[PDB]
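For reference, upload-v4.cif (mmCIF, N, CA and C atoms):
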data_data
#
loop_
_atom_site.label_atom_id
_atom_site.label_comp_id
_atom_site.auth_asym_id
_atom_site.auth_seq_id
_atom_site.Cartn_x
_atom_site.Cartn_y
_atom_site.Cartn_z
N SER A 1 215.33 222.08 7.86
CA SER A 1 214.56 223.11 8.52
C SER A 1 214.49 224.38 7.68
N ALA A 2 213.34 225.03 7.65
CA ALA A 2 213.15 226.29 6.94
C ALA A 2 213.83 227.43 7.69
N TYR A 3 214.24 227.19 8.94
CA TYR A 3 215.00 228.27 9.57
C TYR A 3 216.46 228.25 9.08
N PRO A 4 217.03 229.39 9.18
CA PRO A 4 216.68 230.66 9.71
C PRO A 4 216.02 231.60 8.69
N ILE A 5 215.36 232.59 9.25
CA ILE A 5 214.80 233.74 8.56
C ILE A 5 215.89 234.82 8.57
N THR A 6 216.28 235.30 7.42
CA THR A 6 217.38 236.24 7.26
C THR A 6 216.86 237.54 6.71
N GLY A 7 217.38 238.64 7.24
CA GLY A 7 217.09 239.93 6.63
C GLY A 7 218.18 240.92 6.97
N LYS A 8 217.90 242.20 6.90
CA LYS A 8 218.88 243.26 7.04
C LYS A 8 218.88 243.86 8.43
N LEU A 9 220.07 244.19 8.93
CA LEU A 9 220.15 245.08 10.08
C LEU A 9 219.30 246.31 9.82
N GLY A 10 218.53 246.69 10.82
CA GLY A 10 217.58 247.79 10.72
C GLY A 10 216.16 247.28 10.49
N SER A 11 215.98 246.02 10.09
CA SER A 11 214.66 245.48 9.80
C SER A 11 214.12 244.61 10.93
N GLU A 12 212.80 244.60 11.05
CA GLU A 12 212.10 243.71 11.97
C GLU A 12 211.68 242.43 11.27
N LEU A 13 212.13 241.30 11.83
CA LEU A 13 211.81 239.98 11.28
C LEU A 13 210.74 239.31 12.14
N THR A 14 209.78 238.65 11.53
CA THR A 14 208.64 238.00 12.18
C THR A 14 208.88 236.52 12.33
N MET A 15 208.62 235.96 13.51
CA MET A 15 208.69 234.50 13.59
C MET A 15 207.43 234.05 14.30
N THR A 16 206.90 232.98 13.73
CA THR A 16 205.68 232.38 14.26
C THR A 16 206.10 231.16 15.06
N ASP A 17 205.71 231.10 16.33
CA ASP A 17 205.98 229.90 17.11
C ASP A 17 204.70 229.24 17.62
N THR A 18 204.19 228.31 16.82
CA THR A 18 202.90 227.72 17.18
C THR A 18 203.03 226.73 18.33
N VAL A 19 204.22 226.23 18.66
CA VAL A 19 204.28 225.43 19.89
C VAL A 19 203.99 226.28 21.10
N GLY A 20 204.54 227.51 21.08
CA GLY A 20 204.30 228.44 22.17
C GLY A 20 203.09 229.35 21.98
N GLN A 21 202.41 229.23 20.84
CA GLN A 21 201.26 230.02 20.48
C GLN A 21 201.60 231.51 20.51
N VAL A 22 202.81 231.80 20.03
CA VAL A 22 203.19 233.22 20.01
C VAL A 22 203.68 233.55 18.60
N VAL A 23 203.58 234.84 18.30
CA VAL A 23 204.21 235.44 17.13
C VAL A 23 204.99 236.64 17.64
N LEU A 24 206.24 236.75 17.20
CA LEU A 24 206.95 237.93 17.68
C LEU A 24 207.75 238.52 16.53
N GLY A 25 208.06 239.81 16.75
CA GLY A 25 208.90 240.53 15.79
C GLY A 25 210.16 240.93 16.50
N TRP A 26 211.32 240.76 15.90
CA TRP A 26 212.52 241.32 16.48
C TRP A 26 213.21 242.24 15.45
N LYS A 27 213.56 243.43 15.92
CA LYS A 27 214.39 244.35 15.15
C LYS A 27 215.78 244.38 15.79
N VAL A 28 216.80 244.29 14.94
CA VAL A 28 218.17 244.52 15.42
C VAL A 28 218.80 245.56 14.50
N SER A 29 219.41 246.58 15.15
CA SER A 29 220.05 247.64 14.37
C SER A 29 221.22 248.22 15.15
N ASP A 30 222.02 249.08 14.51
CA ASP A 30 223.05 249.81 15.25
C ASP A 30 224.04 248.87 15.99
N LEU A 31 224.47 247.83 15.27
CA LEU A 31 225.56 246.99 15.70
C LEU A 31 226.90 247.71 15.51
N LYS A 32 227.60 247.94 16.60
CA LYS A 32 228.79 248.80 16.50
C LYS A 32 229.72 248.66 17.69
N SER A 33 230.97 249.06 17.50
CA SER A 33 231.87 249.12 18.66
C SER A 33 231.27 250.02 19.72
N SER A 34 231.35 249.60 20.98
CA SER A 34 230.71 250.32 22.07
C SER A 34 231.79 250.99 22.94
N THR A 35 231.38 252.06 23.55
CA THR A 35 232.15 252.70 24.62
C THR A 35 231.61 252.24 25.97
N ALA A 36 230.51 251.48 25.99
CA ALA A 36 230.00 250.97 27.26
C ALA A 36 231.12 250.25 28.01
N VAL A 37 231.11 250.47 29.32
CA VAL A 37 231.90 249.64 30.23
C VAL A 37 230.83 248.78 30.90
N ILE A 38 231.00 247.47 30.85
CA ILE A 38 229.80 246.66 31.15
C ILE A 38 229.43 246.85 32.61
N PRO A 39 230.39 246.50 33.42
CA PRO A 39 230.94 245.27 33.90
C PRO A 39 230.85 245.22 35.42
N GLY A 40 231.95 244.86 36.02
CA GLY A 40 232.38 243.82 36.88
C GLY A 40 232.40 242.56 36.01
N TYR A 41 232.38 242.76 34.68
CA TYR A 41 232.44 241.67 33.72
C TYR A 41 233.89 241.49 33.26
N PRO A 42 234.40 240.28 33.12
CA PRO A 42 235.78 240.09 32.62
C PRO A 42 235.91 240.15 31.11
N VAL A 43 235.81 241.36 30.55
CA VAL A 43 236.00 241.64 29.12
C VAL A 43 237.37 241.28 28.61
N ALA A 44 237.50 240.50 27.55
CA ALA A 44 238.79 240.12 27.00
C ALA A 44 239.16 240.95 25.78
N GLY A 45 238.14 241.48 25.11
CA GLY A 45 238.42 242.20 23.88
C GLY A 45 237.79 243.59 23.94
N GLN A 46 237.05 243.89 22.87
CA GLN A 46 236.35 245.15 22.75
C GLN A 46 234.84 244.99 22.92
N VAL A 47 234.24 245.79 23.78
CA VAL A 47 232.78 245.64 23.91
C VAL A 47 232.09 246.21 22.66
N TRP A 48 231.18 245.41 22.12
CA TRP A 48 230.31 245.86 21.02
C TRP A 48 228.88 245.89 21.56
N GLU A 49 228.02 246.61 20.84
CA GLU A 49 226.62 246.71 21.19
C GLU A 49 225.75 246.58 19.92
N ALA A 50 224.47 246.27 20.17
CA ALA A 50 223.46 246.46 19.15
C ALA A 50 222.20 246.96 19.90
N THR A 51 221.27 247.54 19.16
CA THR A 51 219.98 247.94 19.69
C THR A 51 218.89 247.01 19.18
N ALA A 52 218.23 246.33 20.11
CA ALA A 52 217.25 245.30 19.78
C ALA A 52 215.88 245.67 20.36
N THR A 53 214.87 245.36 19.58
CA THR A 53 213.48 245.64 19.94
C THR A 53 212.63 244.39 19.68
N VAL A 54 211.88 243.94 20.69
CA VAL A 54 210.96 242.81 20.52
C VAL A 54 209.53 243.32 20.53
N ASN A 55 208.73 242.73 19.69
CA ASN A 55 207.34 243.12 19.43
C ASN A 55 206.44 241.93 19.68
N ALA A 56 205.55 242.03 20.66
CA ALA A 56 204.66 240.90 20.97
C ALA A 56 203.47 240.93 20.03
N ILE A 57 203.56 240.26 18.90
CA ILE A 57 202.52 240.38 17.87
C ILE A 57 201.33 239.51 18.23
N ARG A 58 201.61 238.30 18.72
CA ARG A 58 200.54 237.40 19.15
C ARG A 58 200.99 236.78 20.48
N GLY A 59 200.17 236.92 21.51
CA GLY A 59 200.48 236.43 22.83
C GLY A 59 201.42 237.32 23.62
N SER A 60 201.58 236.98 24.89
CA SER A 60 202.56 237.57 25.77
C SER A 60 203.93 236.95 25.44
N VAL A 61 204.95 237.79 25.33
CA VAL A 61 206.29 237.34 24.96
C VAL A 61 207.29 237.71 26.04
N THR A 62 208.14 236.76 26.41
CA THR A 62 209.29 236.93 27.26
C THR A 62 210.52 236.81 26.38
N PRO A 63 211.24 237.89 26.12
CA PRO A 63 212.27 237.85 25.07
C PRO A 63 213.45 236.96 25.49
N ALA A 64 213.90 236.16 24.54
CA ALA A 64 214.94 235.18 24.86
C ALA A 64 216.29 235.80 24.56
N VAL A 65 216.63 236.80 25.38
CA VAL A 65 217.79 237.63 25.05
C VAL A 65 219.08 236.85 25.02
N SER A 66 219.22 235.79 25.82
CA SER A 66 220.40 234.96 25.82
C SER A 66 220.62 234.23 24.49
N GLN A 67 219.67 234.23 23.55
CA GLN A 67 219.79 233.61 22.24
C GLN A 67 220.59 234.45 21.26
N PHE A 68 220.92 235.70 21.62
CA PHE A 68 221.62 236.57 20.68
C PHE A 68 223.11 236.30 20.60
N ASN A 69 223.66 236.60 19.42
CA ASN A 69 225.04 236.41 19.05
C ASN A 69 225.42 237.43 17.97
N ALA A 70 226.68 237.84 17.99
CA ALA A 70 227.27 238.68 16.94
C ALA A 70 228.24 237.83 16.16
N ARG A 71 228.20 237.94 14.82
CA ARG A 71 229.06 237.09 14.01
C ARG A 71 229.77 237.87 12.92
N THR A 72 230.84 237.27 12.44
CA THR A 72 231.49 237.65 11.20
C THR A 72 230.92 236.83 10.04
N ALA A 73 231.15 237.29 8.81
CA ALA A 73 230.59 236.58 7.67
C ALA A 73 231.04 235.13 7.55
N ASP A 74 232.27 234.83 7.98
CA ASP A 74 232.73 233.44 7.81
C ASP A 74 232.24 232.56 8.95
N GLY A 75 231.72 233.21 10.00
CA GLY A 75 231.09 232.47 11.06
C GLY A 75 231.74 232.52 12.43
N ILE A 76 232.74 233.37 12.68
CA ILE A 76 233.15 233.58 14.07
C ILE A 76 231.98 234.15 14.85
N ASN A 77 231.78 233.66 16.07
CA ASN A 77 230.61 233.96 16.88
C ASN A 77 230.99 234.52 18.25
N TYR A 78 230.28 235.56 18.66
CA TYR A 78 230.47 236.18 19.94
C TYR A 78 229.11 236.15 20.66
N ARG A 79 229.04 235.48 21.78
CA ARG A 79 227.83 235.37 22.57
C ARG A 79 227.41 236.73 23.11
N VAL A 80 226.10 236.94 23.20
CA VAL A 80 225.58 238.08 23.94
C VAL A 80 226.01 238.00 25.40
N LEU A 81 226.29 239.18 25.96
CA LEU A 81 226.61 239.26 27.37
C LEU A 81 225.30 239.39 28.13
N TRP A 82 224.57 238.27 28.14
CA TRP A 82 223.17 238.32 28.50
C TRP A 82 223.59 238.46 30.85
N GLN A 83 222.59 239.13 31.23
CA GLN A 83 221.72 240.18 30.76
C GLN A 83 222.59 241.42 30.51
N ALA A 84 223.52 241.70 31.41
CA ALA A 84 223.54 241.49 32.84
C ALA A 84 223.77 242.84 33.52
N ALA A 85 225.00 243.36 33.45
CA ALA A 85 225.20 244.74 33.89
C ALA A 85 224.63 245.65 32.80
N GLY A 86 225.51 246.09 31.92
CA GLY A 86 225.34 246.82 30.69
C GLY A 86 224.35 247.97 30.73
N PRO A 87 224.78 249.13 30.22
CA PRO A 87 223.91 250.29 30.20
C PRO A 87 222.76 250.19 29.19
N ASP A 88 221.62 250.68 29.65
CA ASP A 88 220.37 250.73 28.91
C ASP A 88 220.10 249.39 28.24
N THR A 89 220.35 248.32 28.98
CA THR A 89 220.11 246.98 28.50
C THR A 89 218.62 246.74 28.27
N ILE A 90 218.26 246.02 27.21
CA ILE A 90 216.87 245.61 27.07
C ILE A 90 216.42 244.81 28.31
N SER A 91 215.16 245.05 28.65
CA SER A 91 214.59 244.36 29.82
C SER A 91 214.26 242.93 29.49
N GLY A 92 214.41 242.03 30.46
CA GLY A 92 213.99 240.66 30.15
C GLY A 92 212.55 240.41 30.56
N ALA A 93 211.83 241.45 30.99
CA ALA A 93 210.45 241.24 31.46
C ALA A 93 209.47 240.82 30.36
N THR A 94 208.45 240.05 30.76
CA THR A 94 207.39 239.61 29.86
C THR A 94 206.55 240.80 29.43
N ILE A 95 206.24 240.84 28.13
CA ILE A 95 205.42 241.96 27.65
C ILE A 95 204.14 241.43 27.03
N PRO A 96 203.02 242.09 27.29
CA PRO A 96 201.75 241.65 26.73
C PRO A 96 201.65 241.92 25.23
N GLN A 97 200.74 241.19 24.59
CA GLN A 97 200.48 241.36 23.18
C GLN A 97 200.23 242.83 22.83
N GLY A 98 200.85 243.27 21.74
CA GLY A 98 200.64 244.63 21.24
C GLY A 98 201.68 245.63 21.76
N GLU A 99 202.47 245.24 22.75
CA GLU A 99 203.54 246.11 23.28
C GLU A 99 204.87 245.70 22.67
N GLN A 100 205.86 246.52 22.95
CA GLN A 100 207.23 246.33 22.50
C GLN A 100 208.19 246.62 23.64
N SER A 101 209.43 246.13 23.47
CA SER A 101 210.45 246.38 24.48
C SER A 101 211.78 246.61 23.80
N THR A 102 212.53 247.65 24.16
CA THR A 102 213.76 247.91 23.43
C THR A 102 214.93 248.15 24.38
N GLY A 103 216.13 248.00 23.82
CA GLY A 103 217.30 248.36 24.64
C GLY A 103 218.54 247.81 23.98
N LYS A 104 219.67 247.96 24.69
CA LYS A 104 220.91 247.42 24.16
C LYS A 104 221.20 245.98 24.55
N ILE A 105 222.01 245.35 23.70
CA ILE A 105 222.60 244.04 24.00
C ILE A 105 224.09 244.21 23.73
N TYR A 106 224.94 243.50 24.45
CA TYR A 106 226.39 243.65 24.32
C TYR A 106 227.10 242.36 23.97
N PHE A 107 228.32 242.49 23.43
CA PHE A 107 229.15 241.36 23.01
C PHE A 107 230.62 241.64 23.37
N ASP A 108 231.43 240.63 23.65
CA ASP A 108 232.86 240.85 23.90
C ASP A 108 233.62 240.41 22.67
N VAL A 109 234.03 241.36 21.80
CA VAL A 109 234.61 240.99 20.52
C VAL A 109 236.11 240.78 20.67
N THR A 110 236.50 239.53 20.53
CA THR A 110 237.90 239.18 20.71
C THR A 110 238.62 238.84 19.41
N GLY A 111 237.97 238.89 18.28
CA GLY A 111 238.57 238.64 16.99
C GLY A 111 238.13 239.70 15.97
N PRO A 112 237.99 239.32 14.73
CA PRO A 112 237.52 240.26 13.71
C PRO A 112 236.17 240.86 14.11
N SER A 113 235.95 242.09 13.66
CA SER A 113 234.71 242.78 13.99
C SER A 113 233.47 242.13 13.39
N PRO A 114 232.37 242.04 14.14
CA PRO A 114 231.18 241.43 13.55
C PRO A 114 230.39 242.38 12.65
N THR A 115 229.58 241.77 11.78
CA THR A 115 228.73 242.50 10.88
C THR A 115 227.33 241.92 10.81
N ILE A 116 227.07 240.91 11.63
CA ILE A 116 225.86 240.12 11.62
C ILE A 116 225.39 239.90 13.05
N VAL A 117 224.06 239.87 13.27
CA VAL A 117 223.55 239.39 14.55
C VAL A 117 222.66 238.18 14.27
N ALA A 118 222.76 237.14 15.10
CA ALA A 118 221.92 235.94 14.87
C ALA A 118 221.27 235.52 16.18
N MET A 119 220.03 235.08 16.16
CA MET A 119 219.41 234.48 17.34
C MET A 119 219.43 232.96 17.13
N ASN A 120 220.00 232.21 18.08
CA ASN A 120 220.07 230.75 18.03
C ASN A 120 219.59 230.20 19.37
N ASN A 121 218.75 229.15 19.27
CA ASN A 121 218.09 228.67 20.48
C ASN A 121 218.80 227.41 21.02
N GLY A 122 220.02 227.12 20.63
CA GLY A 122 220.74 225.91 21.07
C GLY A 122 220.50 224.74 20.13
N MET A 123 219.39 224.82 19.39
CA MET A 123 219.03 223.77 18.43
C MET A 123 219.36 224.23 17.02
N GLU A 124 219.13 225.50 16.69
CA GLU A 124 219.40 225.98 15.35
C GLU A 124 219.37 227.51 15.31
N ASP A 125 219.82 228.10 14.22
CA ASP A 125 219.70 229.53 13.96
C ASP A 125 218.23 229.82 13.58
N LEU A 126 217.63 230.81 14.22
CA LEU A 126 216.24 231.19 13.98
C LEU A 126 216.14 232.45 13.14
N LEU A 127 216.86 233.49 13.53
CA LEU A 127 216.77 234.81 12.89
C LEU A 127 218.18 235.38 12.70
N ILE A 128 218.43 235.96 11.53
CA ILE A 128 219.74 236.53 11.24
C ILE A 128 219.57 237.90 10.60
N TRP A 129 220.30 238.89 11.06
CA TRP A 129 220.34 240.25 10.54
C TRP A 129 221.74 240.53 9.97
N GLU A 130 221.80 240.89 8.69
CA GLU A 130 223.07 241.08 8.01
C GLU A 130 223.13 242.42 7.30
N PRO A 131 224.30 242.86 6.86
CA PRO A 131 224.32 244.09 6.08
C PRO A 131 223.45 243.89 4.86
#

Once more with this new file: its structure as structure tokens, please.
Amino acid sequence: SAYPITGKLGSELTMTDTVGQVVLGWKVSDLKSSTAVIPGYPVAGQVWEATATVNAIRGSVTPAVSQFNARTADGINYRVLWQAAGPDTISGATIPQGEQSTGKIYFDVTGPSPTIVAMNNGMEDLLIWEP
């Protein structure tokens, strides 16, 4: 597979999905230890956050926020705390072509600190943002 598409934190990466007839852009930036208290969530480690923006380039897009993950370089993975409580969380609402949607996503970091964000759809890694 030609996936994943890799680039830098702070950059917007484009993915074309012709099965869904959509094109979207995702920006991920500002991955960092958070002071957010999520919850009613059972946090085991330290809450981390990133700021994510989805861009509906072609078609209406419903962002697949549950696909996000924070990772270390060797590959330890922390699932997004999709959606749920979390302050100023990105909306999961569908956005029409030409609009964008932004907000925070959170992670429960229980090991080494992450430096990477990756979107994975259960089948493979699609988009990766690294230093």

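Restricting the calculation to only N, CA and C atoms, the smallest distance between residue A:67 and any of A:36, A:119, A:52, A:109 is found for A:119.
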
Exercise for review: Enumerate as a PyMOL selection string all residues of chain A assigned to strand (DSSP E) by DSSP on the backbone, naming them with the chain letters and numbers the document uses.
Suggested key: chain A and resi 5-8+12-17+22-33+46-58+68-71+77-79+100-109+116-120+125-130

Practice item. Report the distance between atom CA of residue A:115 and atom CA of residue A:93 in Å, rounded to one decimal place. Key: 27.6 Å

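For residue A:24, the list of residues within 10 Å, based on only C-alpha atoms and with local chain neighbours fewer than 3 positions off taken out, reads residues 12, 13, 14, 15, 16, 17, 54, 55, 56, 57, 58, 59, 60, 61, 62, 63, 97, 98 and 100 of chain A.
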
Point to revise | Long-range neighbours of residue A:102 as a ChimeraX atom specification, 12 Å cut-off, only C-alpha atoms, 4 positions minimum in chain | key: /A:25-29,50-56,63,65,88-93,95

Evaluate the PyMOL selection byres ((chain A and resi 131) around 8) and report residues as a PDB file with N, CA and C atoms, in the coordinates of the input:
ATOM      1  N   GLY A   7     217.380 238.640   7.240  1.00  0.00           N
ATOM      2  CA  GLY A   7     217.090 239.930   6.630  1.00  0.00           C
ATOM      3  C   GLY A   7     218.180 240.920   6.970  1.00  0.00           C
ATOM      4  N   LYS A   8     217.900 242.200   6.900  1.00  0.00           N
ATOM      5  CA  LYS A   8     218.880 243.260   7.040  1.00  0.00           C
ATOM      6  C   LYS A   8     218.880 243.860   8.430  1.00  0.00           C
ATOM      7  N   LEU A   9     220.070 244.190   8.930  1.00  0.00           N
ATOM      8  CA  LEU A   9     220.150 245.080  10.080  1.00  0.00           C
ATOM      9  C   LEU A   9     219.300 246.310   9.820  1.00  0.00           C
ATOM     10  N   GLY A  10     218.530 246.690  10.820  1.00  0.00           N
ATOM     11  CA  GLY A  10     217.580 247.790  10.720  1.00  0.00           C
ATOM     12  C   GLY A  10     216.160 247.280  10.490  1.00  0.00           C
ATOM     13  N   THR A 115     229.580 241.770  11.780  1.00  0.00           N
ATOM     14  CA  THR A 115     228.730 242.500  10.880  1.00  0.00           C
ATOM     15  C   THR A 115     227.330 241.920  10.810  1.00  0.00           C
ATOM     16  N   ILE A 116     227.070 240.910  11.630  1.00  0.00           N
ATOM     17  CA  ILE A 116     225.860 240.120  11.620  1.00  0.00           C
ATOM     18  C   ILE A 116     225.390 239.900  13.050  1.00  0.00           C
ATOM     19  N   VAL A 117     224.060 239.870  13.270  1.00  0.00           N
ATOM     20  CA  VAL A 117     223.550 239.390  14.550  1.00  0.00           C
ATOM     21  C   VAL A 117     222.660 238.180  14.270  1.00  0.00           C
ATOM     22  N   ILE A 128     218.430 235.960  11.530  1.00  0.00           N
ATOM     23  CA  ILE A 128     219.740 236.530  11.240  1.00  0.00           C
ATOM     24  C   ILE A 128     219.570 237.900  10.600  1.00  0.00           C
ATOM     25  N   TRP A 129     220.300 238.890  11.060  1.00  0.00           N
ATOM     26  CA  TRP A 129     220.340 240.250  10.540  1.00  0.00           C
ATOM     27  C   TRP A 129     221.740 240.530   9.970  1.00  0.00           C
ATOM     28  N   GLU A 130     221.800 240.890   8.690  1.00  0.00           N
ATOM     29  CA  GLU A 130     223.070 241.080   8.010  1.00  0.00           C
ATOM     30  C   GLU A 130     223.130 242.420   7.300  1.00  0.00           C
TER      31      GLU A 130
END

Practice item. To one decimal in Å, tell me the separation between atom CA of residue A:94 and atom CA of residue A:126. Key: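 Atom CA of residue A:94 sits 20.0 Å away from atom CA of residue A:126.
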
Review point. Just how far from atom C of residue A:31 is atom C of residue A:64, in Å to one decimal?
Key: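 It comes out at 18.3 Å.
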
**Study point:** Non-local contacts of residue A:120 (8 Å; only C-alpha atoms; under 4 positions in same chain excluded) as an NGL selection string
**Key:** :A and (67-69 or 124-127)

**Study point:** Residues matched by the PyMOL selection byres ((chain A and resi 75-83) around 6), written as a ChimeraX atom specification
**Key:** /A:65-66,68-74,84-86,105-108

Practice item. Identify the residues around (239.7, 240.5, 27.3) within a radius of 9 Å, measuring from only C-alpha atoms in the coordinates stated by the file, and give them as a list in words. Key: residues 42, 43, 44, 45, 46, 108, 109 and 110 of chain A

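Shortest separation to residue A:5 among A:118, A:33, A:38, A:49 occurs at residue A:118, atoms counted being only C-alpha atoms.
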
Box along x, y and z, 6 Å on every side, all listed atoms of stretch 37-47 of chain A inside: centre and edge lengths in Å to one decimal, as lines of an AutoDock Vina configuration file.
center_x = 234.3
center_y = 245.3
center_z = 29.8
size_x = 21.7
size_y = 22.4
size_z = 26.2
